[PDB]
Structures are given as structure tokens and as C-alpha cells.
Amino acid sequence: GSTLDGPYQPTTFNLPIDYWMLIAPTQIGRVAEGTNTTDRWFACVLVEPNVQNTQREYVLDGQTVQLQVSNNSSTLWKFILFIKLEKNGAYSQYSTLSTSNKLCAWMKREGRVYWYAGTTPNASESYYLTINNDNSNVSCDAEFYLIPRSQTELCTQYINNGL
């Protein structure tokens, strides 16, 4: 089998730059979130297949919020990436990952958070938001793995084909 660094237990930590955090939830709902403390609070949530347009509640940055979600695939899971831009603001949707594998991943580099988006087996790190704070903490509700940038090809492989 594949050999990855992890699984690590759910925790909050200063994710080092240049490592993919490959997150492996077992439950739908909130998966992980992070912030630069100033103008970016980002979060990903997991939505099961075959979900008609609806408002669900998630506790993001400690607050219970209602967000509109949907997943019109009968087979693929869907991670949704939400971001709010000020402490007291509302979250908007920025990216998605439709997947048969239920894994998502992001990396802090170049002042940005890169995120795997698209539809497996052809998801890629095509989306990023800007944080400009290398000490931005991430809080993860799921087990996760860390993959150095030298093995980005492996992260891509795991996202798209499973471990």
C-alpha cells in the first residue's frame, strides 16, 4: 500500500508551509477550518451524494451559521470551500471538490492556501485564496496526513484514486 505521514488525530496547529494537509473525514459536515486572524476565515464542509438545494447549519469560527448547499451527483461526495473576509462577516462559497474518495487537501505556500478542486479522478490544485500569514492555524475535525511538496504528485494520486 501507499505510505503517508499520518494519520494524525484531529487537532489545531500551525500547519507548516509547503505541506499538503490531506484530510480524511468519516462524517459529513464541518471538516476543517483555518484563519489568518485578520481577513480570512476559511472552512471546508462535506456533503453526501444526492442532496437537493437546502440550508444546513455549521459551526464556523465558533458561530452557528446557515449555508446553502447542494450535491446533484448520485454517486460523488462534495467538499465545499467557504470563506469569510472579516470577523463579523458572512461566508461565501469559493470552490468545490466532487469526489469518489472523500479526501480533500490544502497547502500553505506563497502567501496562499492552495486547494484541490474539480471532479475526481481529475481534481487538481487549481484554486487558491490569499492569506499572507505563514503562521495561520488550521483546526481539523478529521484525521489527516501531511505530504511534502516534493510528493505533490502523490497527493494528486491520493485525492483522485484514494490512498
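Residue numbers here begin at 1 and follow the sequence given.
Chemist: Between 66, 54, 133, 120, let me know which has the highest C-alpha B-factor in the entry?
Modeler: Top of the list by C-alpha B-factor: 54.
Chemist: Highest Cα B-factor in the deposition, which of 95, 37, 70, 98?
Modeler: Out of 95, 37, 70, 98, the record gives the largest C-alpha B-factor to 37.
Chemist: Ranked by Cα temperature factor within the chain, is residue 103 in the lowest third, the middle third or the highest third?
Modeler: Tercile = highest for this residue's CA B-factor.
Chemist: Going by the entry, which third of its chain does the Cα temperature factor of residue 78 land in?
Modeler: Middle third.
Chemist: Using only modelled residues of the chain, where does the Cα B factor of residue 140 rank: lowest third, middle third or highest third?
Modeler: Answer is highest: the recorded C-alpha B-factor places it there.
Chemist: According to the PDB entry, is the CA B factor of residue 17 in the bottom, middle or top third of its chain, that is, lowest, middle or highest?
Modeler: Middle third - that is where residue 17 ends up once the chain's C-alpha B-factors are sorted.
Chemist: Taking the entry's C-alpha B-factors for this chain, is residue 115 in the lowest, middle or highest third?
Modeler: Ranked within chain, residue 115 CA B lands in the middle tercile.
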